[PDB]
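Have a look at the structure below before the remarks.
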Amino acid sequence: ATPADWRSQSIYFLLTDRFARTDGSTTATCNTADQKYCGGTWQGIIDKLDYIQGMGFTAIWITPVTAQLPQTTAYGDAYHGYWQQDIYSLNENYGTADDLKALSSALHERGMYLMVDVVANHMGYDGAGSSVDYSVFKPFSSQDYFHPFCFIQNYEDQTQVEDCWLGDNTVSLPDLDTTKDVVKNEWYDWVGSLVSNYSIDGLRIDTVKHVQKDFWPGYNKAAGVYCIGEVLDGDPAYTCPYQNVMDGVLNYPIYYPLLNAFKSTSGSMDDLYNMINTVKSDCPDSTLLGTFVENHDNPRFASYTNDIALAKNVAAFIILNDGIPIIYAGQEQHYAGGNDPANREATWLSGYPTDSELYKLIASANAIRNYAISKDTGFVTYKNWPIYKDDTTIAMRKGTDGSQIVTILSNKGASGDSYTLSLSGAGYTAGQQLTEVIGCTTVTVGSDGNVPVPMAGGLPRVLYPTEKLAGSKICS
Ligand SMILES: OC[C@H]1O[C@H](O[C@H]2[C@H](O)[C@@H](O)[C@@H](O)O[C@@H]2CO)[C@H](O)[C@@H](O)[C@@H]1O
Ligand SMILES: OC[C@H]1O[C@H](O[C@H]2[C@H](O)[C@@H](O)[C@@H](O)O[C@@H]2CO)[C@H](O)[C@@H](O)[C@@H]1O
Ligand SMILES: OC[C@H]1O[C@H](O[C@H]2[C@H](O)[C@@H](O)[C@H](O)O[C@@H]2CO)[C@H](O)[C@@H](O)[C@@H]1O
Ligand SMILES: OC[C@H]1O[C@H](O[C@H]2[C@H](O)[C@@H](O)[C@H](O)O[C@@H]2CO)[C@H](O)[C@@H](O)[C@@H]1O
Ligand SMILES: *[C@@H]1O[C@H](CO)[C@@H](O)[C@H](O)[C@H]1NC(C)=O
Ligand SMILES: [Ca+2]
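Heads up: the sequence shown begins at 28 in the working numbering, then just goes up one per residue.
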C-alpha cells in the first residue's frame, strides 16, 4: 500500500512474542527480566484481532519475522526479532510461513493492513565480534559481506555510525557492508520477495541511521510499499532529512517534547507547540511520519506517571497529530515498565479488558479520526496547526474548514480544577453546535466566535461539528 494509502491508517505496534499465545492464555508467565521467548505467535494475534480492531486501529506493526540466532545469550533470547541469521527462513517460535500468510489474510479480511519490521543493517551473533563465524549467516555467509569489526564509539562521526558495529562482545551485531553492490542487490531482492510472499502492506525499517542514506531509495523502491524508518534522534535537522531517501520516519522529534509536556503537571507546552511547528515546516511531509509516545526502546509513559488523565491526553495527541498514530501494545492497559527489557511486558497478562479507561479513550479518539477521514479527503493532508497554548494547555486544529477537529489538551492531571477555557482560533462559525466526542457533551460556539470549553479533571476535549456527525455511531 502506498504512502498516500498509509496516511489514513492508525497502527497498533506489538511484539509478536509478547502479544498473544496460540493457546490464548492470560496467565502464562512472562518475566521480562528473563529476556526469554514467552511464546507469542502469529496465530495468537489473529485470535485477538477483535480486541485490536475494537480500539479503532486499522493496521498493526509486528516485530521482525526472520530466523534468529538460536541461543539464549547472556542478554536472553532473540524474542524481539532483531538478531537475524537466516533471512530466508522464518522464526519458528512465531509459527510457519502459513501462519504469517494467514495473519496477512485475516487483517485484509477486516480491512486492515499488515506492517512488518525489517532490519537491513545487521545480523546478530551470540559472542564476541572477533569470534564470529560468518558461515552461519544466510545468504551472507562470508566475512566479505560485512564491514571490518569495530564498535561505534563516536556518535558525532556519521561515517563511524554507519560503518562500525552495534552491540558489544556479549551479543555482537555484524554490520553488513551496505555499500557493496552484492549486498544491495541481495537485500533489494529479498525485500521485494518478502512483501509479495506475505502480502505485506507496509514496512517499519529498523536502525536506519546506521546505513548510509544512498542504500535506502533502492530498498524503499524494491519493497514497493510504504516504508517508515526508525531514525533514533530527536533533532529534526538530523532525522527529517531521511525523508529524502524513504517515504516516512518515526516522529522522534515530536516524541521528546510530547513526553515532556504530559509526563508531569509541570511539562512544557511551549516545547511541544514549537516542535509541532518546526516539524510541520522543516520536515518534508509531517503527514507521513509516525507519532508515538511509547515503544520498546524507552520507558513506557506510565513509568513516568500513573496519572490517568495525563495518559489520556497523550494518547489523544498521538491519534490526532499529523501522520500515522502509533500505539504500543500495553499502553492501552496503562503498562508502566521501564527500559528494556522492562517495557516488553506480555499483553495477555492484562486479560485484554476492553473497558479499561485507555482502551475506551483510544477507541473514541480513533473513532472520530476514522470518521472524519471518511468525510473529509483533506483531513490527512491538512497540516495539524497549534492554535493555542498556556502553561497547562495546548490546543490544535486539523481538517478542512467546516469539518475540522479541534483538540484541547491539558497537563493539569486528574486533580485538575474545573473551569471554562475561552478558546479563540478554532475557526468554527458563530453559534455552531459542536460535539465534544470524548465525553459526548455539546458545546456552542460564541457569538464572538470563541468556543467556551469546559475543562475538568485535566481531561482531553475533542470538538467536531454536530451536524457533520449525522448518521454516524459517535456519541449516539
Ligand atoms: O541488540 C541490542 C538490542 O537489540 C534490539 O534493539 C533493537 C531496537 O529495540 C529496535 O527498535 C532498533 O533500535 O534496533 C535494535 C537492534 O536492531 C532489542 O529489541 C533489544 O532488546 C536489545 O537490547
Ligand atoms: O487553511 C488551509 C491550511 O491551513 C493550515 O495552515 C496554517 C498553518 O499551519 C499555520 O502555521 C498558519 O500559517 O496558518 C495557516 C492557515 O492560515 C494547515 O496547516 C494547512 O495544511 C492548510 O492547507
Ligand atoms: O545497542 C543499543 C542501541 O545502540 C544505539 O543507540 C545509541 C543511539 O543511536 C545514540 O544516539 C545514543 O546516544 O546512544 C545509544 C546507545 O549507544 C542504536 O542506535 C540503537 O538502535 C540500539 O538500541
Ligand atoms: O533528548 C532531547 C533531544 O535533543 C536533541 O534534539 C534537539 C535538537 O537539538 C533541536 O532541534 C530541538 O531544539 O530540540 C531537539 C529535541 O529536544 C537530540 O538530538 C535528541 O536525540 C535528544 O534526545
Ligand atoms: C518467497 O518465496 C519464494 C518461492 O517460494 C522463495 O524463493 C523466496 O526465497 C521467498 N522469499 C522470501 C524473502 O522468503
Ligand atoms: Ca551499518
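The C-beta atom is built at its ideal place from N, Cα and C for all residues, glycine as well.
Query	Result
Residue 433 - containing beta strand (DSSP E), residue span	432 to 437
Residue 413 - DSSP class collapsed to helix/strand/coil	strand
Residue 309, buried or exposed, once every other Cβ within 10 Å from all chains shown has been counted against 16	exposed
Distance CB(residue 127)-CB(residue 192) smaller than 8 Å	no
Exposure of residue 209, with buried meaning 16 or more beta-carbon neighbours within 10 Å	exposed
Heavy atom of ligand 3 within 7 Å of residue 182 beta-carbon	yes
CB-CB length for residue 317 against residue 277, believed under 8 Å	5 Å
For residue 82 and residue 256, the rounded distance between their alpha carbons	25 Å
Nearest-angstrom Cα separation, counted from residue 72 out to residue 135	14 Å
Neighbour-count burial assignment, residue 60, 16 or more Cβ in a 10 Å radius	exposed
Close beta carbons around residue 284, own chain, < 6 Å, minus the five adjacent residues each side	298, 299 and 302
Residue 229 - containing beta strand (DSSP E), residue span	229 to 232
Three-state class that DSSP yields for residue 383 in the structure shown	coil
Minimum C-alpha distance to residue 116 - residue among 446, 221 and 407	221
Residue 128 CB to nearest heavy atom of ligand 2 below 7 Å	no
Backbone secondary structure at residue 489 - three-state DSSP	strand
Assigned secondary structure, residue 342 (DSSP; H/G/I helix, E/B strand, else coil)	helix
Whole-number beta carbon distance between residue 80 and residue 95, since they are thought to touch under 8 Å	Wrong, their Cβ atoms sit about 29 Å apart, outside the cutoff.
C-alpha distance - residue 461 paired with residue 52, whole-angstrom precision	44 Å
Contained beta strand (DSSP E) runs [length at least 3] in the stretch 124 to 171, N- to C-terminal order	140 to 145
Residue 221: CB within 7 Å of a non-hydrogen atom of ligand 5	yes
Residue 472 and residue 447 closer than 8 Å at C-beta	no
Buried versus exposed, by CB contacts within 10 Å (16 or more), residue 396	buried
Cut-off 7 Å between Cβ atoms - residues of its own chain near residue 90, not counting five sequence neighbours on either side	42, 43, 107, 108 and 144
Range of the contiguous alpha helix (DSSP H) that encloses residue 330	328 to 331
Extent of the continuous beta strand (DSSP E) to which residue 183 belongs	Note, residue 183: premise wrong, no beta strand (DSSP E); not H, not E.
Burial state of residue 365 (16 or more Cβ within 10 Å)	exposed
Whole beta strand (DSSP E) elements within the stretch 52 to 131, 3-residue minimum	86 to 89, 93 to 95 and 111 to 117
beta-carbon residue 324 near ligand 3 non-hydrogen atom, thresh 7 Å	yes
8 Å Cβ cutoff met for residue 186 and residue 242	no
Residue 410 beta carbon near ligand 2 (any heavy atom closer than 7 Å)	yes
Close-in-space but distant-in-sequence residues of the same chain around residue 173 (CB under 8 Å, 5 per side omitted)	161, 167, 201, 202, 203 and 204
Residue burial classification, residue 267 (beta-carbon count within 10 angstroms, cutoff 16)	buried
As assigned by DSSP and simplified to three states, the class of residue 390	helix
Delimiting residues of the alpha helix (DSSP H) encompassing residue 213	208 to 225
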